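Written below as structure tokens is the structure these notes are about.
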Amino acid sequence: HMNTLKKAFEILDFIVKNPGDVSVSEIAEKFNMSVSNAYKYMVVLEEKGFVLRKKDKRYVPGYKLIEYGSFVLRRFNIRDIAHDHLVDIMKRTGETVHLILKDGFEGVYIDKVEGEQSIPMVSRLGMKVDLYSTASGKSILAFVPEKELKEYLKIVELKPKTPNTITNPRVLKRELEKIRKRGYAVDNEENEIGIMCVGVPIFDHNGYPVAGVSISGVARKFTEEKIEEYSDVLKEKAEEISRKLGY
Amino acid sequence: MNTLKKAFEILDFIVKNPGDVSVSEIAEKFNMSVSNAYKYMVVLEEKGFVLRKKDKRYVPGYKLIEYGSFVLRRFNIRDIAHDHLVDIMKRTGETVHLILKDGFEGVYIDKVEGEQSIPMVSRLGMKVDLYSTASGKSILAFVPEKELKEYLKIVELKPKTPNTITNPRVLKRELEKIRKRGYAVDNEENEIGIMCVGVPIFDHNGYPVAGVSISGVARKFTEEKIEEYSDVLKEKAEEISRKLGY
Amino acid sequence: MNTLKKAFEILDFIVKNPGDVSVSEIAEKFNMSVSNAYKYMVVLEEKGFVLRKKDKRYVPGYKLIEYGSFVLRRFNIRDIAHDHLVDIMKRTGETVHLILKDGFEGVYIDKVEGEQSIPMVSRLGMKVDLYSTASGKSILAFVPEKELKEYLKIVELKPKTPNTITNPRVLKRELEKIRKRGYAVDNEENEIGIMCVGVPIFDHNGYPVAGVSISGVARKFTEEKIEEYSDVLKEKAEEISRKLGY
Amino acid sequence: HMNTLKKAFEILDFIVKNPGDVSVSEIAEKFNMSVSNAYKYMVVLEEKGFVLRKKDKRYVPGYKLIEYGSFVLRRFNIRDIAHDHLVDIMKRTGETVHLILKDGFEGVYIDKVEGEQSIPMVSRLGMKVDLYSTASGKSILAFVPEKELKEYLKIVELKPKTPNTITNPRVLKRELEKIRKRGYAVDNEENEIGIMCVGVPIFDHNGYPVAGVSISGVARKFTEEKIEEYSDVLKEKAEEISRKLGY
Ligand SMILES: [Zn+2]
Ligand SMILES: [Zn+2]
Ligand SMILES: [Zn+2]
Ligand SMILES: [Zn+2]
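Chains B, A, A' and B', in that order, are what the protein sequence lines are. A prime marks a further copy of an entry chain. Heads up, the first sequence is in the authors' numbering, so the first residue is 0 and it goes up one at a time. Heads up, the second sequence is in the authors' numbering, so the first residue is 1 and it goes up one at a time. Heads up, the third sequence is in the authors' numbering, so the first residue is 1 and it goes up one at a time. Heads up, the fourth sequence is in the authors' numbering, so the first residue is 0 and it goes up one at a time.
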């Protein structure tokens, strides 16, 4: 029965993703329960700061979650070591910049600087990224010790998200080497259609690929020269950041 | 049924713990069987609020960032502060503004003016010079050392009025004064004939995300009105900032 | 106790009457004794909602202007429309914006984006090019003849995108199309990779005070999605405009 | 008893001048009456559009009053005949512009174009103006047939609003003539301290002073040359507008 816990986290997950607000009455009707017991969950969520109650007694998300996110981001020294180089990359390219943290066979958005114009990409901090269909991703898969690598191609599926999503490990391997060659990667609409990217890795103590920095924007912009320009500023900050990581 | 308590309580410990913790350690610390703690832990890991490392110890999960940013992105200080603003207008009768910080500029996110107050040209979604205003200067006074140093290194301090501070060094002094004063005053620095008293609104990290202020005809702003005015501002400003997690 | 009815009813007649009226005429028309009508009239004149001319005939009072402007000045279309906006987002899952007209520019007064929608750089209190957007073009389509002629005579139609209309004559055509179409569509005219469908919000005088729109990745905007999308917009737009007295 | 009418107009006057909103409960407590009878007034006010009821059942002013004001303003042809010249005067001076309608021994603000900066003046449409302590006012009192004039000085008090508010009819008369001379007036902080103005009249069919147009701003700006400049653009539009009034 103790999995009441589940119910709690379902109600909360709902208020966070809910556009606007919600009344005690509405949550009850939502999760088959009396207004009385809804108050059981809502009063604790409110007291803990996960939710804010309006003068009209309707509910809105609180600040707690915001504080929690910062605490977790606060655990990645790289974030503070890079943030400004990212803001600079955005001011010198005008393009959105991403920084993905390497976590196993997945990546996580740990920082993002929006560009001058909105781009048809759905990314946000905390979100996860496929290390194969993305530039900063392959850029990372192009330096993981061969051993670890070999296993990735062995485990991770390659469900093609777009007609350009590489689904063959022999091509992906060669692809990765090309990246080792140039020293960066390119996402020719392999992750999201309409969007292309350029990425470079970030090494740590023992030169392991612990991060990925990339420039993202609409396909139109990424020309041969543009690419050369982006990967240029990218590698420049990469090297500087990597240094801080004791490399 | 208030296990909801231990749940968020265990979640709070993990998020605020720099290192990690094992299920048994959570059990010992929060006084419960290893089987019950595995329950809180099985669900928190389930919803992604927690991550279990190879060595089995737990650390906070990525979902907290996902939720954090998603919430911050749609948080509305205006919907939260408005009534306080209206209130500020009931105890002073002078128009009131709320300014949001947008880098090195401020945005007017709300304004409560009374029938008796001065009609102002300022309107929602209008830029605010951070250096020539009380709310803006209040925001500057608390900005992080490095950022303020930067502000002064890039922003042009135009002479819009005879009183406008135009010397970065003279301004930094003003801020250090405001910083210690607790509030700022616009002595016809933004506009001629108009004065303002402004305080900052802090977020949970203590960052000056915005400022509230009172604007009126210069004359009305006497040493005693200002002290009177400011006090009202902070009072309502603490409430707002507290609701932001401060 | 519903004499409150005849009162505003008599007030309504006077305000909407181009000429004047005497107490006896109000009595005859609204079926009452000359003494009772003098009562409604004594109070309306009292509160200044009515003025008695030298020839004794009555005409509307200056207070109606005083109240009118005081109310207009603080009317908040955003507080009025917001929930509708949230609603627009529940039936389309695509971010939604509300744009206020500020002369020849538009101001973003609100935006409801969903977890599934495209993260947009646009934010409250940000300028909107009226010629390169769906909400903005919707506002143009209904602007008063003389004003639009003027708009085209002073505004620079920059080529921000390959699709942006830059020919005043070509634009006026688009508007006449939108005017008759009932809504507007931003075919990657504002930004590349993004499309929008937008309708106007009218005030009581039929003036396009603002516009609501749906924004999403260009691809998603198919002939059927657009028709689907627009319909939702007007539905919610009529409600808003109706609450503005339209 | 029928003066329930009074109560109605007191409640309404209150919601209009009330910052924020009000609940049925609050109005009742405000005007000593049961929530039940408050609904009597609030339901009609709502049905007539004078008030708007929120989802939270709290009340906010409606659009009706806005519509009513326009209808009354709609009765002064001069308004539409001048409005643009006013917008032009503001764009060519950067100063706030006013247009007061002559109504007996008082004036009424019938149009106003705000300037680039907020000025310490409290003016709004519909408001009334003393025809003696204001520029557009004296500018009008400088052309009213002497007969009518003589009576004004005879009736209207001159309660000095500021150390510069003329309280002597002999000085006011001479003052007025100076105005007839120059062809315009000047408010050296005679109406409001901190504020100075420059005004010119607007004549009708039989050349009667039916209106007043003026430029308003902080005292600092009104220099000998500035004044000359303002009264220049002022008289220019005046003449043009007056023409339309069949003059
Ligand atoms: Zn990428
Ligand atoms: Zn200020
Ligand atoms: Zn658009
Ligand atoms: Zn004046």
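Ideal Cβ placement from N, Cα and C applies to all residues, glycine included.
| Check | Outcome |
| --- | --- |
| Beta-carbon proximity of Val185 of chain B' to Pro119 of chain B', cut-off 8 Å | no |
| Per-residue burial, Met195 of chain A' [other beta carbons within 10 Å of its own, 16 or more giving buried] | buried |
| Rounded separation between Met89 of chain A and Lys234 of chain A - CA only | 14 Å |
| CB contact check: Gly125 of chain A to chain A', cutoff 8 Å | yes |
| is_contact[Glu115 of chain A, chain A'] using C-beta, thresh 8 Å | yes |
| Boundaries of the alpha helix (DSSP H) in which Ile192 of chain B is found, first to last residue | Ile192 of chain B -> no alpha helix (DSSP H), and no H or E assigned at all. |
| Alpha-carbon to alpha-carbon, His82 of chain B and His204 of chain A | 20 Å |
| Beta-carbon gap between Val86 of chain A' and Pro18 of chain B smaller than 8 Å | yes |
| Start-end ranges of the beta strand (DSSP E) lying completely within the region 14–72 of chain B', minimum 3 residues | 50–52, 58–60 |
| The alpha helix (DSSP H) enclosing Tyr229 of chain B, as first and last residue numbers | 223–243 |
| Residues near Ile77 of chain A in its chain [Cβ-Cβ closer than 8 Å; skip 5 each side] | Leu98, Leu100, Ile109, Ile201, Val209, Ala210, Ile240, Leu244 |
| Chain-ordered chain A' contacts of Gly19 of chain B [CB-CB under 7 Å] | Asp83, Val86 |
| Check whether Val121 of chain A' and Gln116 of chain B have beta carbons under 8 Å apart | yes |
| Which residues DSSP lists as bridging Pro208 of chain A', in chain order | A':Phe202 |
| Residues in the region 10–43 of chain B' having any Cβ partner in chain A nearer than 7 Å | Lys16, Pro18, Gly19 |
| Local conformation of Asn2 of chain A per DSSP, three classes | coil |
| Beta-carbon proximity of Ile14 of chain B' to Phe30 of chain B', cut-off 8 Å | no |
| Three-state class that DSSP yields for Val86 of chain B' in the structure shown | helix |
| Exposure of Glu189 of chain A', with buried meaning 16 or more beta-carbon neighbours within 10 Å | buried |
| Nearest-angstrom beta carbon gap, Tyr67 of chain A and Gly68 of chain B [assumed within contact, 8 Å] | 7 Å |
| Proximity test, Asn190 of chain A' beta-carbon vs ligand 3 heavy atom, cut-off 7 Å | yes |
| First and last residue of the uninterrupted beta strand (DSSP E) at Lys101 of chain A' | 96–101 |
| Contact set for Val143 of chain B: own chain, Cβ-Cβ below 6 Å, skip 5 residues either direction | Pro208 |
| Backbone secondary structure at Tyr151 of chain A' - three-state DSSP | helix |
| Sequence-distant residues of the same chain with beta carbon closer than 7 Å to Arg91 of chain A, five excluded per side | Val232 |
| Short Cβ contact (8 Å threshold) for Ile214 of chain B' with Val197 of chain B' | yes |
| Exposure label - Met1 of chain B'; buried when at least 16 CB within 10 Å | exposed |
| Closer than 8 Å to chain B' by CB, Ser69 of chain A' | yes |
| Delimiting residues of the beta strand (DSSP E) encompassing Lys160 of chain B' | Taken as a continuous stretch (DSSP letters only), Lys160 of chain B' belongs to no beta strand (DSSP E), as it is neither H nor E. |
| Residues within the region 93–108 of chain A neighbouring chain A', beta-carbon criterion of under 7 Å | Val107, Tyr108 |
| 8 Å CB neighbourhood of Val107 of chain B in its chain, flanking five on each side removed | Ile99, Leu100, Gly125, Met126, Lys127, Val128 |
| Residues that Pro60 of chain B' contacts on chain A', provided the C-beta gap is smaller than 7 Å | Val71 |
| Residue interval of the beta strand (DSSP E) (run including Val128 of chain A) | 127–129 |
| Any non-hydrogen atom of ligand 1 within 7 Å of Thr133 of chain B CB | yes |
| Endpoints, the beta strand (DSSP E) within which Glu105 of chain B' is located | 105–112 |
| Limits of the unbroken beta strand (DSSP E) element including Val185 of chain A | 184–187 |
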